[PDB]
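Read off the chains here:
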Amino acid sequence: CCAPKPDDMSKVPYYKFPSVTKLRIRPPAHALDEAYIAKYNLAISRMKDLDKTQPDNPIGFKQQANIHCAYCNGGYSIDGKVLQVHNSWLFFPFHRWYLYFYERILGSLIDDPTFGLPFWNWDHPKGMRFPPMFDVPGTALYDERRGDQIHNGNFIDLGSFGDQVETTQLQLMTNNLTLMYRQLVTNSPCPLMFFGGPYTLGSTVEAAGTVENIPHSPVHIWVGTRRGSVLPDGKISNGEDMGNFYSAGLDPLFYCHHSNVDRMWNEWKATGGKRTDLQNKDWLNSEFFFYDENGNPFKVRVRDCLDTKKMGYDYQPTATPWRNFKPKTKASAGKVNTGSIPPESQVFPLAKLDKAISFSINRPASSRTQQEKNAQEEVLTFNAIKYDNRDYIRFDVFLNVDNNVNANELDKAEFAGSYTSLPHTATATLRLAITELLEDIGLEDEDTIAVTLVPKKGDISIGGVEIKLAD
């Protein structure tokens, strides 16, 4: 994490886009033509060469990896404030700018002014396998520090928590696309839920948005080696490369994953409405620091990365079949007797979520008008999720079911969302937008509903649970 930086950010100029905007198309990583794979490998190979020939050059492979490591570790400050780009509303714009310069570097090393950084299309069934171009040993895209959950033609598990898949292939694909639907539609109806919130003061509660939680974290977990296992070099793994935030940038696939995370921002806004960029001036005027492809230092602003076409790139149009994955069936017919389960006040603070537990919770308002629903989002909020930051964590949330719910079947109207964590006491919050579920299950006139938590991995405590109306 020895990242290069100017000591005095006040002397660093602000970036200016080139006067001639040369539009790059980022293509899906699967089924890429061999000629594109060849030049991607050449660019990465030349980037890695700089590790040896020019180890201090900021555009080299290891140094670009160090930039991400140092950002995740708090090693960059501008205007006297540390730049917090994880578990915060800076997550998307930081990575957009990071990849913008990374893509310009790749193109510059092969004299290709329109080189497009491919995206791992893990939201589409054709892209849910590990992308073949990255699994050719002896090429620059390859990384031996990956798990072997990724081969055999296995589909990615977008809710992975480091263990093997436990369902059928059909159900795993179904769960993946249901998670996409929940994370890109249901649970991100509004900007702060998609992007996350300010993670400024402490207030050390993590404030990730939807995508940063899921599917972003499970991809890291699925690709990286298994912590504790023997690496191909002989040493014990801490999740290297992708499974550890110190080393993730050392895997070329890291950038291709983030290309799709960046694409999610575009796809989320594509339906308009309330899914727009954050309008808060504090967010828009937040700054980051980067080196351009000529090794020159610059500051950039969030407000200047909102439109990728203005930055000179866009994504190859690609179907998003998860938009059709609103569950059609209910796991449980009828309505749960909320008098036969403990109220939230009796369960929380919950010292350990060791097994499935159900409880009743009060809604602040019932029979809400459509104008009310437009104005304020109904959000089920899990406060003070606490765990060891060295642990893998996952739990799922269902409405209107009981402790016997089959949590391997996410394609149900009752499935609300999930929380996961990638090992860095942590403290976190989970917010779920429940209006769509209350409508589908027929609970809109209820003052009290049943909630069921199902732990899947890790030792988890939860301080409290409340339903609030958020603007």
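Residues numbered from 1 in each chain as written, not as in the entry; some residues may be left out. Heavy atoms only, no water. Residues with missing side-chain atoms left out of burial classes, pairs and counts.

As recorded in the PDB header, X-ray crystallography is the method behind this entry, and the stated resolution is 1.802 Å.

K.L.:
What is the right way to read the pattern of salt bridges from this model?
P.N.:
Once the charged atoms of two side chains with opposite charge are near each other, the side chains can pair. Summed over all chains, the structure comprises 25 salt bridges. A salt bridge links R104 to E293, with the nearest nitrogen and oxygen atoms 2.7 Å apart. Remark: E293 occurs in the loop between strand 4 (287–291) and strand 5 (297–301) and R104 occurs in helix 3 (residues 91–109); sequence separation between them is 189 residues. For the pair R104 and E293, a shared accessibility class is recorded, and that class is buried. Linked by salt bridges that have partners in common, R26, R96, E103 and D262 make up one network. (Salt bridge = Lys/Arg side-chain N within 4 Å of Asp/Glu carboxyl O. Helix = DSSP H or I, 4+ residues; strand = E, 2+ residues; numbered from the N terminus. Buried < 20%, exposed > 50% of the residue type's maximum accessible area, 1.4 Å probe, protein only.)

K.L.:
Would you take a moment to explain the state of the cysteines for this structure?
P.N.:
A covalent bond between the sulfur atoms of two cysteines is what we call a disulfide. Considering all chains together, one arrives at one disulfide under this definition. Disulfide partner of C1: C69, at an S-S distance of 2.2 Å. When the S-S torsion is -110°, as for the bridge of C1 with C69, the disulfide is left-handed. You can see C1 sitting in the segment before strand 1 (24–26) and its partner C69 sitting in helix 2 (residues 61–72), a full 68 residues away along the chain. For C69, a relative accessible area of 2% gives the class buried. (Disulfide = S-S within 2.5 Å.)

K.L.:
In this structure, what is going on with the sheet that holds strand 10 (residues 415–421)? I would like to understand it.
P.N.:
To summarise the sheet geometry, strands pair through backbone hydrogen bonds and adopt either a parallel or an antiparallel arrangement. Read from one edge of the open sheet, four strands run 7-12-9-10, paired in antiparallel fashion. Where the open sheet ends on each side, the last strands, each with one partner, are strand 7 (357–362) and strand 10. Pairs of neighbouring strands in the sheet enclose a mean axial angle of 25°, with direction left out of account. Across six bridges, strand 7 lies against strand 12 (residues 448–457) in antiparallel orientation. Looking at strand 12, one finds that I361 is bridged to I449. (Pairing = 2+ DSSP bridges. Axes fitted to C-alpha atoms, helices over the stretch in contact; angles between N-to-C directions.)

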